[PDB]
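Enquirer: Sequence plus experimental coordinates follow:
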Amino acid sequence: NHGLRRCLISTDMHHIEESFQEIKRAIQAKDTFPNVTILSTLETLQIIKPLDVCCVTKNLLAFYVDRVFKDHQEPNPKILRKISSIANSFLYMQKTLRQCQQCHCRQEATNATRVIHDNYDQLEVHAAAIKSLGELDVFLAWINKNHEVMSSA
Ligand SMILES: *[C@@H]1O[C@H](CO)[C@@H](O)[C@H](O)[C@H]1NC(C)=O
């Protein structure tokens, strides 16, 4: 049913949000293409129906885990510790989502997702990874609006 919005309830948005707030300035300060958004799809209302939101959520989690987190090399240990915490949260969110799931990807959801990979691939890889990292607020806002998520805020 609409329950697909309950697959991340065990995730604590506040936890991720806080870890991110800690490095948000330092990471966003390195965004070399501010006039553009890698998560452009998440600034539109193209993905709002339950089934599409579930598909895009799992695609975005994989986008971060398999692409962003692999591509960003972080020499600052304090920043890396925060990003590890976020990464750990995302791994949990993927675990939770597995447990849940329907969640199939209709062609519109799939395309919405490819747009992001396509924007990402427009940039040099390290700039793409740090910029994506900087857009975590766009990702958290979208997750927040489309899922019953818990907050210890
Ligand atoms: C991004 O910035 C450029 C710079 O002039 C401007 O055309 C507009 O604000 C944006 N352009 C696009 C479509 O990326």
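Expert: Everything's here; your move. Numbering: from 1, shown residues only.

Enquirer: What ranges does the chain have for its helices?
Expert: For the chain, applying DSSP state H gives helices covering 13-28, 50-62, 69-71, 77-100, 107-120, 125-134, 136-146.

Enquirer: need those helices in a markdown table with distance to residue 38 and mean neighbour count, can you?
Expert: Where you see a C-beta, it was placed from the backbone N, CA and C, and this is true even at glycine. What follows is the helices of the chain, written out as a markdown table (distance: least, Cβ to Cβ, whole Å; neighbours: other Cβ atoms under 10 Å):
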| stretch | distance to residue 38 | mean neighbour count |
| --- | --- | --- |
| helix 13-28 | 12 | 17 |
| helix 50-62 | 11 | 21 |
| helix 69-71 | 12 | 15 |
| helix 77-100 | 16 | 16 |
| helix 107-120 | 5 | 16 |
| helix 125-134 | 5 | 21 |
| helix 136-146 | 9 | 18 |
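
Enquirer: From what I see, residue 135 and residue 38 are in contact.
Expert: Yes. Applying Cβ atoms under 8 Å as the test, residue 135 and residue 38 come out as touching, 5.7 Å apart.

Enquirer: Neighbour count: the two, which is higher?
Expert: residue 38 (28 against 21; other Cβ atoms under 10 Å).

Enquirer: So what does that one look like in phi/psi?
Expert: Here is the backbone geometry of residue 38 (degrees, to the nearest 10): phi -80, psi -40.

Enquirer: From residue 134, how far out is it?
Expert: Shown here: residue 38 relative to residue 134, a distance of 9 Å by Cβ to Cβ, to the nearest Å.

Enquirer: where's stretch 98-118 relative to the chain centroid, distance-wise?
Expert: How far stretch 98-118 lies from its chain's middle: 13 Å, per Cα atoms, centre = their mean, to the nearest Å.
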